[PDB]
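Nothing in this text is a laboratory measurement; each read-out follows from the coordinates by a stated rule. In this analysis, Cβ positions are derived from the backbone assuming ideal geometry, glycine residues included, and neighbour counts consider all displayed protein chains.
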Amino acid sequence: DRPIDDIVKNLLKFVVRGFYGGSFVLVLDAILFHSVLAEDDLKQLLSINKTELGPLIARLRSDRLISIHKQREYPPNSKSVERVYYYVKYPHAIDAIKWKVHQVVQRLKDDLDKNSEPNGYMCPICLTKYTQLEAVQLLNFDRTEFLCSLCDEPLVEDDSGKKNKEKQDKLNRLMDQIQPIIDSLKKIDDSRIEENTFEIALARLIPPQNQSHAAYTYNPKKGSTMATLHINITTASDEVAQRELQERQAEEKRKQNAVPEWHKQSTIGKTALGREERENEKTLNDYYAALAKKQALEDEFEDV
Amino acid sequence: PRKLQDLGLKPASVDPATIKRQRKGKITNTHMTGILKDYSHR
Amino acid sequence: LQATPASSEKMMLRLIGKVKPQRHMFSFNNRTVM
Amino acid sequence: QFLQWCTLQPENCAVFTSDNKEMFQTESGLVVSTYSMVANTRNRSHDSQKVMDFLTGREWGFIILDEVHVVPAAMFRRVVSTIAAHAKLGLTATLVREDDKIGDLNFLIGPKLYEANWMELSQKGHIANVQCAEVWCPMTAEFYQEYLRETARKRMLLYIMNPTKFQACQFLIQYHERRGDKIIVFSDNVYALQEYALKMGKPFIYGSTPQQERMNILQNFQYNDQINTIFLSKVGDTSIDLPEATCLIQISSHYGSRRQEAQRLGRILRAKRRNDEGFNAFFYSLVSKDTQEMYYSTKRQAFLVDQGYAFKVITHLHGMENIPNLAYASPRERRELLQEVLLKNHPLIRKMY
Ligand SMILES: [Zn+2]
């Protein structure tokens, strides 16, 4: 349909295979395939349990991936239940992915920044960290070792700083795995994103099964403060009919706009007011043929 | 949206909803009532 | 060919045929679809 | 008109009426008001008192006295003296009065500036081509027999209700309704318009009709093509908003009041079918023969023939002999109408009472 819809679907698929497990992949693929889904339809499609979808729905709600709709409809048996509907907001989802990847790369860049700091010291008895600044004030009279304040034991060197190359390798090994996401967000920013909702995502629905208990028709509430082309073809034989119609309409409007008889005429002298060639052409055709031979549920309805 | 703009990354979303957003009277022609059709517009 | 107005919450489409006409019901989900 | 045709802001325009008294705060602006805003000597509101003090205390450079023929009235003469304005323009369409005070408007306003040629504007498609007519209704024998011994107000009450004018008006409505002509029928007497409207089943608008009815029936006459005939009172003679009509019928009249006829004719003169070629608007003055109608109507048409319009006299209608519906054809119905016109003329003890 929309190529931008395909781009955001591919982006959501890539991030759910990347930073999520298989069941999250199944849930997001069900949402991107069937655009509007409910809880019972998801249970029918995925054979998932409530205690199993609980972590799934909680995680995709915490990660801001699936928009949930709180709508209760009235079934004909009057057993109305609060059914939940799962759809996706594309601009909110791409902004969430943008913010998450930006904070990921910011956190890992800060890790690479802080791992350039020297090793520091650490007391194995008290298991308390020490930076480079306070190691000097723990120096003994022998001017060699750094004695702990509480344990009175020489400090050992923490293994931080030699992993700076490991953090750089982690940073590069993260970033070569995120470049398709970078390209997808570049293509999104080069285009326009239409902000949808439940009423708009219902336009591209795919039915999960034949019989779904949750209806897909929105019920409005009052007081909540949260054309045709028709042609006419003439065979060059009926034009006289509508030209006769035109001239009779012209004389009709002339008569309707005509001066009345008592205006144009004097009413004084009149009384006071009070209370066969078929055989010929057949023989002609016979003669010409001989000459050629010689020569050779009820509700309101409107019509449309 | 606005802290994306503050961070220099242009947003692809419209600002959300949390952002500040918006007699009868008598008749005298009773002899032919039900014929006069209501004209609330031209 | 019969349609429901957009103001009506009941959403129905009906088709009238020609020769006992055959009448078929078409309930939809989205209004732009109709 | 100021808000539409000229570049005047609504903050520069103001209204002095009963409901509206707020004015422009700018140093110079504009206000539109009624004549009896200024010239009323009655005990008024403090707001209107302050307003007229402001109007007196403001020096005006121009006043537009619309419908200037009522200015020579006793209160309305004083508005050019109370309101000190440099230039006074008297705009009207009917510069005629029954009394001689219409000549005093030279002292009130000034010399007569421009006279518009009615026939010149009619021929070039600016005002409508009206066909002024005078329908002669012969007075019936019983009605005239009772008419010759009656007092004057009852004389009008008798000759307005002859059946020949009933038949003539019925036929004119029937014929011009078939022509697609909007018709406004003027009759000043309330009893006359009510009797005709109940006879023919037509809408009627007299003085004490509710205003919302005078709007609903107005829009039905304007737009609903089923209704093409409205019977209208002296209220329609003055400035009230009415739809466009091409035929007018005058049943009764307020004496020979030479202002009223041109006020009535100006309603038909605004006809929208003017630009169509062959269009002819119609005017009818239905008069009762051998009664005071010709005296009054000759006074009425003296002004119009001074302007140049020609009232073609009509003494016979082609269609009486073959009319489908007949009003007062029988002598018994006419006699019944005759006798109908003859018979026409302490906090606890408060709950105690
Ligand atoms: Zn220690």
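At 25 °C and 0.890 mPa s, what whole-number value in µm²/s does Stokes-Einstein give for the translational diffusion of the protein assembly as shown, with Rh from the Kirkwood sum over Cα pairs? Mind showing how you got there, number by number?
Values: Rh = 37.7 Å.
So the translational diffusion coefficient is about 65 µm²/s.
Show me the three semi-axes of the equivalent ellipsoid for the range D:197-254, from the C-alpha gyration tensor (sqrt of 5 times each eigenvalue), largest first, rounded to whole Å. Please list the in-between numbers first.
On the way: eigenvalues 51, 40, 32 Å².
The three semi-axes for the range D:197-254 are 16, 14, 13 Å.
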Using the Cα atoms as the points, what is the convex hull volume per residue of the range D:98-197 in Å³? 180 Å³
Can you compute the modelled spin-label distance between A:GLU239 and D:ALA74, with each label point 7 Å from Cα toward Cβ, in nm? 7.9 nm
Hey, can you grab everything whose amide H is under 5 Å from the amide H of A:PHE146? Only 5+ residues off in sequence or another chain; H modelled, so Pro and N-termini drop out. A:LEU155
Looking only at the range D:33-56, which residues have a backbone nitrogen under 19 Å from a spot 7 Å from the Cα of D:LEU3 in the C-beta direction? D:33-34
D:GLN250's amide H: which non-local residues (gap 5+, or another chain) put their own amide H closer than 5 Å, with H modeled 1.01 Å from N in plane and none for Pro or chain starts? D:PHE186, D:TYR284, D:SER285, D:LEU286
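Can you give the direction-averaged projected area of the convex hull of the alpha-carbon atoms in the range A:137-178, in nm²? Write down the numbers at each step before the final one.
On the way: hull surface 18.3 nm².
Value for the range A:137-178: 4.6 nm².
Just to verify a number: FRET efficiency for A:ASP111 and A:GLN211, C-beta to C-beta distance, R0 = 56 Å, to 0.05?
On the way: r = 53 Å, r/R0 = 0.94.
So the FRET efficiency works out to roughly 0.60.
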For a Förster distance of 35 Å, can you work out the FRET efficiency between the beta-carbons of D:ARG42 and D:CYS13, rounded to the nearest 0.05? 0.85
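Too long at a 27 Å Cα-Cα cut-off: which of A:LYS222/B:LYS20; D:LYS50/D:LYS88; A:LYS98/A:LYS222; A:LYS13/B:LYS10; A:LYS255/D:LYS272; A:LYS270/D:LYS124? Could the numbers behind the result be given before it?
Numbers: A:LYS222/B:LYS20 23 Å; D:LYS50/D:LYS88 24 Å; A:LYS98/A:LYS222 37 Å; A:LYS13/B:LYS10 23 Å; A:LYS255/D:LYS272 20 Å; A:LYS270/D:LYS124 36 Å.
Violating the 27 Å Cα-Cα cut-off are A:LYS98/A:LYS222; A:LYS270/D:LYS124.
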For A:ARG204 and D:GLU321, extending 7 Å from Cα along the Cα-Cβ vector and measuring point to point gives, in nm, a value of 8.3 nm
Under 20 Å from a point placed 7 Å out from the Cα of A:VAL104 along the Cα-to-Cβ direction: which residues of the range A:1-18 have their backbone N that close? A:7-18
What is the distance in Å between the Cα centres of the range D:256-291 and the range A:185-209? 68 Å
Per-residue ellipticity at 222 nm attributable to helices in chain D (runs of n ≥ 4 DSSP H, -39500 (n - 2.57) apiece, nearest 500 deg cm²/dmol) works out to -10500 deg cm²/dmol
Per residue, how big is the convex hull of chain D when only Cα atoms are used? Give it in Å³. 228 Å³
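Residue separation times 0.36 nm, minus the C-alpha to C-alpha distance between D:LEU198 and D:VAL32: what's the value?
On the way: separation 166, 0.36 × 166 = 59.76 nm, distance 3.99 nm.
Roughly 55.8 nm would be gained on extension.
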Note on the range D:164-302: alpha-carbon gyration tensor, axes a ≥ b ≥ c; rule is a/c under 1.5 for rounded, else prolate if a/b larger than b/c, else oblate; result rounded
Between the alpha carbon centres of the range D:85-105 and the range A:249-304 the gap in Å comes to 61 Å
Hey, what do the phi angles of the range D:288-302 turn into as Karplus ³J(HN,Hα) couplings, whole Hz, using 6.51/-1.76/1.60 and θ = phi - 60°, x for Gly and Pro? 8, 6, 6, 10, 4, 4, 6, 4, 4, 6, 5, 4, 5, 8, 4
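How much length is gained if the chain between D:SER81 and D:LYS299 is pulled fully straight, taking 0.36 nm per residue apart and subtracting their Cα-Cα distance, in nm to one decimal? Numbers along the way, then the final one.
Working: separation 218, 0.36 × 218 = 78.48 nm, distance 3.36 nm.
Contour length minus the Cα-Cα distance gives 75.1 nm.
State which entries of D:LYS234/D:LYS299; B:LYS24/D:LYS202; B:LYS26/D:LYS351 exceed 26 angstrom in Cα-Cα distance in the structure shown. The partial results should precede the final answer.
Details: D:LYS234/D:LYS299 18 Å; B:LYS24/D:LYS202 23 Å; B:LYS26/D:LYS351 32 Å.
Checking Cα-Cα distances, B:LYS26/D:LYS351 exceed 26 Å.
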Quick calc, A:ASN10 & A:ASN119: beta-carbon distance into FRET formula, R0 45 Å, rounding 0.05, result 0.50
Would you kindly derive the ³J(HN,Hα) couplings of the range A:44-55 from the backbone phi angles with the Karplus curve 6.51 cos²θ - 1.76 cosθ + 1.60 (θ = phi - 60°), listing them in order in whole Hz, with x for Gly and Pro? 5, 6, 9, 6, 8, 9, 5, 5, 8, 6, x, x
Find the centroid of the Cα atoms in the range D:136-153 and in the range A:36-79, then give the distance between the two in whole Å. 93 Å
Here, A:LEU174 and C:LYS18, labelled 7 Å along Cα→Cβ, have an inter-label distance in nm of 7.1 nm
Quick check on the range D:289-340: take the gyration tensor over C-alpha atoms, sort the square-rooted eigenvalues as a ≥ b ≥ c, and tell me if it's rounded (a/c under 1.5), prolate or oblate. oblate
Of A:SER237, A:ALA289, A:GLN209, which is farthest towards the positive pole of the range A:154-304's charge dipole, taken about the Cα centre with +1 and -1 on the beta-carbons of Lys, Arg and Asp, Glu respectively? A:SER237
Vicinal HN-Hα couplings computed from phi for the range A:72-83 (Karplus, 6.51 cos²θ - 1.76 cosθ + 1.60; Hz; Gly/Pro x): 10, 10, 10, x, x, 8, 6, 9, 6, 10, 7, 8
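Which whole number gives the average, over all residues in D:275-283, of C-beta atoms from other chains lying within 10 Å of the residue C-beta? Intermediate values should be presented prior to the final figure.
Values: counts 0, 2, 1, 5, 1, 5, 0, 2, 0.
Counting Cβ atoms of other protein chains within 10 Å of each residue's Cβ and averaging gives 2.
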Long-range amide H partners of A:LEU273 with built H, under 5 Å: D:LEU317
Which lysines, on any chain, are close to A:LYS129 with Cα under 25 Å apart, when same-chain ones fewer than 8 places away are left out? A:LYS109, A:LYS114, A:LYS162, A:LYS163, A:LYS165, A:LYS167, A:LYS170
